[PDB]
Structures are given as structure tokens and as C-alpha cells.
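Peer 1: Sharing a structure with you now.
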Amino acid sequence: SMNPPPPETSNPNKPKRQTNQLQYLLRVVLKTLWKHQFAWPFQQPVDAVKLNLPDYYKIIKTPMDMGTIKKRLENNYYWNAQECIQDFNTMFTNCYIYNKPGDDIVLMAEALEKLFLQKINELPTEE
Ligand SMILES: CC(=O)Nc1cccc(-c2ccc3c(c2)[C@H](NC(=O)OC(C)C)C[C@H](C)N3C(C)=O)c1
């Protein structure tokens, strides 16, 4: 089995905007998570071919990862901050679907999620 194509990251057919919340999501939330010790398995799509995981995309039908999120923010792909927050949540939930609770990668994801949740509690005001 092949990997699926990665998620879309740009779309000229959607209107674009910059907002305080979107800027915060890139400059604070994504930046902080990206630099974390345990970021790296989450910094690009799961390469199921390289990892020899033929069942990964048999269950995970909405893949998401921080590399995709980073590009989406850079490309003004999201109009509303909650679209981006949803993508982070999807990334965490995928990890907790495919992987057994307590396993190494799950512990890594939970540490990242903790930091994510702290940063989201400090989201700036809406326009
Ligand atoms: C040495 C090595 O593991 N090099 C490597 C290279 C690139 C990506 C990944 C990589 C990418 C994604 C994931 C995993 C590994 C996890 N398997 C695993 O040993 O995780 C360790 C980091 C505890 C499996 C799981 C499918 N996963 C996620 C995020 O749900 C791994």
C-alpha cells in the first residue's frame, strides 16, 4: 500500500484573512509545540510506507500533522482559528486511535497536548 497524498495546504478559491488568533496560533502555539523535544514524529504526515504500517491508513481517514498545520497557517488556509484548533485536535485523536494507551508515542503526544491546551487557554481576543 502507498501513502495517501498529504492534506491540502493552499487553496486560492477560499477567501483569506489575517487575524489576531491566527497569528497567535502560528507564532505561539505552533512555534512552541514545534520546538518541543517530542515534536518530531508530528512534524510531517505519518509515512506508513517507511514505517511499514499497512494498517495505519486503513483506520486513520482524517490524517493531520503539524507540518500540514504550519503550511496551512503560512498559506492563510484557515479563516477561523477554530479550524486550525480542530486540526491539532485531529492530530492528537489520530495518535490515540492507532496507538495503544500508555505506549511511547502516546505519552509523547499527551505531553504535547498538555502544552497545546495551555496555549489555547491564552488565545487573544477576537475582532
Ligand atoms: C527511530 C524512529 O522511530 N524513527 C521515525 C522516523 C520518522 C517518523 C517516526 C514516527 C512517526 C509517526 C509515528 C511513529 C513514528 C510511531 N512509532 C514510533 O516508534 O514512535 C516513536 C517516536 C516512539 C508510530 C505512529 C504511527 N506514529 C504516530 C505519530 O502516531 C519514527
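By order in the C-alpha cells, chains are A, B, ...; within a chain, residues start at 1; ligands start at 1, following the order shown.
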Enumerate residues in contact with ligand 1: an atom-to-atom distance of at most 6 Å, counting only C-alpha atoms and all ligand atoms. Format the result as a list in words.
Peer 2: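 Listed by chain and ascending number, the contacts are residues 41, 42, 46, 95, 104 and 105 of chain A.
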Peer 1: Export C-alpha atoms of the chosen residues as a PDB file, in the first residue's frame?
Peer 2:
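Ended up saving to out28.pdb:
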```
ATOM      1  CA  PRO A  41       7.031  12.364  14.868  1.00  0.00           C
ATOM      2  CA  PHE A  42       4.274  15.018  14.480  1.00  0.00           C
ATOM      3  CA  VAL A  46       2.788   9.580   9.056  1.00  0.00           C
ATOM      4  CA  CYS A  95      -2.492   9.154  17.613  1.00  0.00           C
ATOM      5  CA  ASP A 104       5.687   5.643  23.974  1.00  0.00           C
ATOM      6  CA  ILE A 105       4.229   7.718  21.111  1.00  0.00           C
TER       7      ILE A 105
END
```
Peer 1: Give me the residues near stretch 75-84 of chain A as number ranges by chain, where near means some atom within 8 Å (using only C-alpha atoms) and where sequence neighbours in that chain fewer than 5 positions away do not count.
Peer 2: A: 9-11, 14-18, 21-22, 25, 69
Peer 1: Dump N, CA, C and O atoms for the selected residues as a PDB file, in the first residue's frame?
Peer 2:
```pdb
ATOM      1  N   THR A   9      -2.884  22.123   1.468  1.00  0.00           N
ATOM      2  CA  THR A   9      -2.300  23.182   2.278  1.00  0.00           C
ATOM      3  C   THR A   9      -2.482  24.586   1.736  1.00  0.00           C
ATOM      4  O   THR A   9      -2.173  25.541   2.438  1.00  0.00           O
ATOM      5  N   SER A  10      -3.011  24.709   0.538  1.00  0.00           N
ATOM      6  CA  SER A  10      -3.305  26.023  -0.054  1.00  0.00           C
ATOM      7  C   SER A  10      -4.514  25.868  -0.930  1.00  0.00           C
ATOM      8  O   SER A  10      -4.817  24.791  -1.423  1.00  0.00           O
ATOM      9  N   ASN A  11      -5.285  26.934  -1.054  1.00  0.00           N
ATOM     10  CA  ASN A  11      -6.457  26.918  -1.898  1.00  0.00           C
ATOM     11  C   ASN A  11      -6.813  28.339  -2.331  1.00  0.00           C
ATOM     12  O   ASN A  11      -7.364  29.119  -1.554  1.00  0.00           O
ATOM     13  N   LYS A  14     -10.519  29.942  -1.732  1.00  0.00           N
ATOM     14  CA  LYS A  14     -11.079  30.379  -0.460  1.00  0.00           C
ATOM     15  C   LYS A  14     -10.587  31.793  -0.137  1.00  0.00           C
ATOM     16  O   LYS A  14      -9.397  32.078  -0.257  1.00  0.00           O
ATOM     17  N   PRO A  15     -11.495  32.669   0.277  1.00  0.00           N
ATOM     18  CA  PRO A  15     -11.035  33.968   0.778  1.00  0.00           C
ATOM     19  C   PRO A  15     -10.057  33.811   1.984  1.00  0.00           C
ATOM     20  O   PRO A  15     -10.124  32.811   2.696  1.00  0.00           O
ATOM     21  N   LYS A  16      -9.169  34.787   2.146  1.00  0.00           N
ATOM     22  CA  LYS A  16      -8.070  34.755   3.083  1.00  0.00           C
ATOM     23  C   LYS A  16      -8.120  35.988   3.964  1.00  0.00           C
ATOM     24  O   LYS A  16      -8.464  37.097   3.516  1.00  0.00           O
ATOM     25  N   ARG A  17      -7.697  35.797   5.200  1.00  0.00           N
ATOM     26  CA  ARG A  17      -7.527  36.898   6.140  1.00  0.00           C
ATOM     27  C   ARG A  17      -6.461  36.605   7.156  1.00  0.00           C
ATOM     28  O   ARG A  17      -6.114  35.444   7.397  1.00  0.00           O
ATOM     29  N   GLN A  18      -5.971  37.659   7.784  1.00  0.00           N
ATOM     30  CA  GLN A  18      -5.073  37.538   8.919  1.00  0.00           C
ATOM     31  C   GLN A  18      -5.872  38.019  10.143  1.00  0.00           C
ATOM     32  O   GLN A  18      -6.664  38.960  10.019  1.00  0.00           O
ATOM     33  N   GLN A  21      -5.969  35.899  16.374  1.00  0.00           N
ATOM     34  CA  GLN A  21      -5.973  34.487  16.793  1.00  0.00           C
ATOM     35  C   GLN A  21      -5.152  33.591  15.884  1.00  0.00           C
ATOM     36  O   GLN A  21      -4.414  32.752  16.371  1.00  0.00           O
ATOM     37  N   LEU A  22      -5.298  33.768  14.576  1.00  0.00           N
ATOM     38  CA  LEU A  22      -4.482  33.028  13.595  1.00  0.00           C
ATOM     39  C   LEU A  22      -3.002  33.304  13.732  1.00  0.00           C
ATOM     40  O   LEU A  22      -2.173  32.379  13.658  1.00  0.00           O
ATOM     41  N   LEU A  25      -1.833  31.480  16.792  1.00  0.00           N
ATOM     42  CA  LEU A  25      -1.723  30.059  16.506  1.00  0.00           C
ATOM     43  C   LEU A  25      -0.421  29.684  15.786  1.00  0.00           C
ATOM     44  O   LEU A  25       0.110  28.588  16.033  1.00  0.00           O
ATOM     45  N   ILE A  69      -0.277  21.681   9.296  1.00  0.00           N
ATOM     46  CA  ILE A  69      -0.831  22.819  10.008  1.00  0.00           C
ATOM     47  C   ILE A  69       0.011  24.093   9.809  1.00  0.00           C
ATOM     48  O   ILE A  69      -0.513  25.153   9.523  1.00  0.00           O
TER      49      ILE A  69
END
```
Peer 1: For residue A:43, which residue out of A:66, A:59, A:109, A:26 is the nearest one, using only C-alpha atoms?
Peer 2: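 Ranking A:66, A:59, A:109, A:26 by distance to residue A:43, first place goes to A:66.
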Peer 1: For a quick check of understanding, using only C-alpha atoms, which of A:39, A:91, A:112, A:73 has the smallest distance to residue A:23?
Peer 2: A:73
Peer 1: Of the residues A:6, A:57, A:74, A:32, which is the one nearest to residue A:44, using only C-alpha atoms?
Peer 2: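 Of A:6, A:57, A:74, A:32, the one nearest residue A:44, counting only C-alpha atoms, is A:6.
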Peer 1: Among chain A, which residues carry a DSSP assignment of helix (DSSP H, G or I), reported as an MDAnalysis selection string?
Peer 2: chainID A and resid 20:34 40:42 56:59 66:74 81:98 104:120
Peer 1: Fewer than 6 positions away in the same chain doesn't count, so skip those; otherwise give me all residues within 9 Å of residue A:29, counting only C-alpha atoms, as a VMD selection string.
Peer 2: chain A and resid 115 to 116 119 to 120
Peer 1: Given the selection you just returned, output its residues as a file containing N, CA, C and O atoms, formatted as a CSV table (one decimal), in the first residue's frame.
Peer 2:
```
chain,number,residue,atom,x,y,z
A,115,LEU,N,0.7,21.0,26.6
A,115,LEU,CA,1.2,22.3,26.3
A,115,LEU,C,0.3,23.1,25.3
A,115,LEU,O,0.1,24.2,25.4
A,116,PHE,N,-0.2,22.3,24.3
A,116,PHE,CA,-1.2,22.9,23.4
A,116,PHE,C,-2.4,23.5,24.2
A,116,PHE,O,-2.8,24.7,23.9
A,119,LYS,N,-1.6,26.8,25.9
A,119,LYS,CA,-1.5,27.9,25.0
A,119,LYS,C,-2.9,28.3,24.4
A,119,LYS,O,-3.1,29.5,24.2
A,120,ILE,N,-3.8,27.3,24.3
A,120,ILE,CA,-5.1,27.7,23.8
A,120,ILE,C,-5.9,28.4,24.8
A,120,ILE,O,-6.7,29.3,24.5
```
Peer 1: At a cut-off of 10 Å, using only C-alpha atoms, what residues contact residue A:127? Leave out same-chain residues fewer than 2 positions from it and give the result as a PDB file with C-alpha atoms, in the first residue's frame.
Peer 2:
```pdb
ATOM      1  CA  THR A  19      -6.457  37.731  12.496  1.00  0.00           C
ATOM      2  CA  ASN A  20      -5.023  38.078  15.983  1.00  0.00           C
ATOM      3  CA  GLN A  21      -5.973  34.487  16.793  1.00  0.00           C
ATOM      4  CA  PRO A 124      -6.018  36.542  22.172  1.00  0.00           C
ATOM      5  CA  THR A 125      -9.273  38.462  21.661  1.00  0.00           C
TER       6      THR A 125
END
```
Peer 1: Using only C-alpha atoms, which protein or nucleic acid residues come within 10 Å of residue A:122? Drop anything in the same chain fewer than 5 positions from it, and give the result as a list in words.
Peer 2: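 The filter keeps residues 24, 28, 29 and 117 of chain A.
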Peer 1: Which residue gives the smallest distance to residue A:48 among A:30, A:4, A:87, A:13, with only C-alpha atoms counted?
Peer 2: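 Of A:30, A:4, A:87, A:13, the one nearest residue A:48, counting only C-alpha atoms, is A:4.
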Peer 1: For a test of reading the model, state the distance in Å between atom CA of residue A:101 and atom CA of residue A:31, rounded to one decimal.
Peer 2: 26.6 Å
Peer 1: Which residue is closest to residue A:108? Choose from A:65, A:92, A:85, A:72 and count only C-alpha atoms.
Peer 2: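 Closest to residue A:108 of all the choices is A:92.
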Peer 1: Taking into account only C-alpha atoms, which residue in the set A:113, A:103, A:123, A:98 is nearest to residue A:54?
Peer 2: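 Closest candidate: A:98.
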Peer 1: Pick out the residues sitting within 8 Å of residue A:90, and hand them over as an NGL selection string; count only C-alpha atoms, and ignore anything fewer than 2 positions along from it in its own chain.
Peer 2: :A and (62-64 or 86-88 or 92-94)
